[PDB]
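The structure appears below as structure tokens.
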Amino acid sequence: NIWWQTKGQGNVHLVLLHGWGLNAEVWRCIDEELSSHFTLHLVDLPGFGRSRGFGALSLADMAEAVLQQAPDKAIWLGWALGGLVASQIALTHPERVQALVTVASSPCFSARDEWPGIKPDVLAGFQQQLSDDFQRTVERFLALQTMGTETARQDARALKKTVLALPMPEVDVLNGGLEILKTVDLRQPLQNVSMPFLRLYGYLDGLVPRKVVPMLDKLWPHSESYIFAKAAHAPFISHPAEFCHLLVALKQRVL
Amino acid sequence: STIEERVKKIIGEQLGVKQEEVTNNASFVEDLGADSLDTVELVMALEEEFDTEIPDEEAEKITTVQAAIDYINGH
Ligand SMILES: *OP(=O)(O)OCC(C)(C)[C@H](O)C(=O)NCCC(=O)NCCSC(=O)CCCCCC(=O)OC
């Protein structure tokens, strides 16, 4: 089944979806603060964390599984891979989503023509080392997420602790997640999302090149973006107070 | 199990070198092929093993095995 936790006092509901390789424990740096303004719903994505019933899934199947015990209505916040899951749900079940928020996430993670992203051979190399030396790889991935920031090392430590908090996911689940990132491309369909759509980014994020932000501003003129100047892939870890401040302001626009 | 041996074990584990082969003068980048990611991992591992915190200013200086031994010992 899918692990869900509800907490907090707020009048507006907020689902938090984590990124690849991690679990809902990554949110503990901000969940007390957020829980004072929202009713939080934290999820381990299918196959990850304590959501064990699952193997590799399509984005579509992952999203449907997550939707099963989601709240009736909520703001959906997805970080990185979770951002695709949030986006998928906003698209297919717009009535369940009061607002869509993505963080350090792209509608199309892999590079294409005129489209910045992760180079396919880079991704393939990664998927490979993963099959080979799984840790040294998961652990390098965590450092990759925080590189170049003033708090690089303690933030990597905080991410490592999340990983340590629970047994690691099976390699077929990890693999399946890379397949999603490799292949999914939501650029065109997301032009049609009608609910408020807030996109957050780290200026220093190597996994989602900042260059996509102006391009998405254009492609999704109805969406809004904010860049954290000194953040990489995990801006809520490196800049918790600024991050919570933005979500609180979003709440007021949802009424 | 001395400081030197412990430092060398961490370098050897981190970069993939058999630690009997690791030289005191070894350059992380030049000699060992470490990139900016490897060096972050490397510093984090030293802090862990030795239960200390290395400010970005010392960390930036630790470019060889010997520098790692030196810093760790005087603390
Ligand atoms: O330290 P340095 O000398 O500057 O070295 C920088 C390196 C050489 C590491 C440089 O940044 C580099 O090689 N970059 C390419 C690394 C890269 O972009 N790898 C992508 C691998 S695919 C991957 O990491 C998994 C996908 C991301 C997960 C998505 C998610 O949901 O987030 C948690």
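Computed from heavy atoms alone, side chains included, the values below leave out hydrogens, waters and symmetry copies. Just follow the structure's listing: the first ligand is 1, and inside any ligand the first atom is 1. Here is the naming used below: chain letters follow the sequence lines, and residue numbers restart at 1 for every chain.
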Exercise for review: With A/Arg187 as the cation and A/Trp115 as the aromatic partner, state whether NZ or CZ is under 6.0 Å from the six-membered ring centre and within 45° of the axis.
Suggested key: yes

**Study point:** Salt bridge present between A/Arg50 and A/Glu25 (N-O < 4.0 angstrom)
**Key:** yes

Point to revise | B/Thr39 contact mode with ligand 1 (heavy-atom cut-off under 4.0 Å) | key: neither

Revision key, fill the gap. Near A/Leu81 (heavy-atom distance under 4.0 Å), the atoms of ligand 1 are 30 (C), 31 (O)

Exercise for review: Answer yes or no: is there an ion pair linking A/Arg140 with B/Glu41, defined by an N-O contact shorter than 4.0 Å?
Suggested key: no

**Study point:** Test of proximity, B/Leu37 against ligand 1: N or O pairs below 3.5 Å
**Key:** yes

Review point. Looking at A/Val122, which atoms of ligand 1 are within less than 4.0 Å of one of its heavy atoms?
Key: 17 (C), 19 (N), 20 (C), 21 (C)

Practice item. Look at ligand 1 and say whether A/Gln145 reaches it with a heavy atom at a distance under 4.0 Å. Key: yes

Exercise for review: Give a yes/no on ligand 1: does A/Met147 have at least one heavy atom closer than 4.0 angstrom to it?
Suggested key: yes

Review point. Does the pair B/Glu57/B/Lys61 count as a salt bridge with the N-to-O cut at 4.0 Å?
Key: no

Check your understanding: Heavy-atom contacts under 4.0 Å between A/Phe126 and ligand 1: side chain, backbone, both, or neither?
Key -> side chain

Review point. Does atom CD of A/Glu95 have more than 12 heavy-atom neighbours, drawn from other residues, nucleotides or ligands, at distances under 6.0 Å?
Key: yes

Point to revise | side chain to side chain contact (heavy atoms under 4.5 Å, CB included) partner of A/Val15, the single match among A/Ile89, A/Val43, A/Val101 | key: A/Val43

Review point. Hey, which atoms in ligand 1 end up nearer than 4.0 Å to a heavy atom of A/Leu181?
Key: 26 (C), 28 (C), 29 (C)

Check your understanding: Strictly by modelled atom types, are A/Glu170 and A/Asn175 linked by a side-chain donor-acceptor pair under 3.5 Å?
Key -> no

Exercise for review: Just jot down the ligand 1 atoms closer than 4.0 angstrom to any heavy atom of A/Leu123, in number order.
Suggested key: 22 (S)

Exercise for review: Answer yes when A/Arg199 and A/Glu224 have at least one side-chain N-carboxylate O distance shorter than 4.0 Å, and no when they do not.
Suggested key: no

Exercise for review: Just jot down the ligand 1 atoms closer than 4.0 angstrom to any heavy atom of A/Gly19, in number order.
Suggested key: 31 (O), 33 (C)

Review point. Can you find an N/O atom of B/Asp35 closer than 3.5 Å to an N/O atom of ligand 1?
Key: no

Exercise for review: Examine ligand 1 and decide if any of its atoms is less than 4.0 Å from a heavy atom belonging to A/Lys119.
Suggested key: no

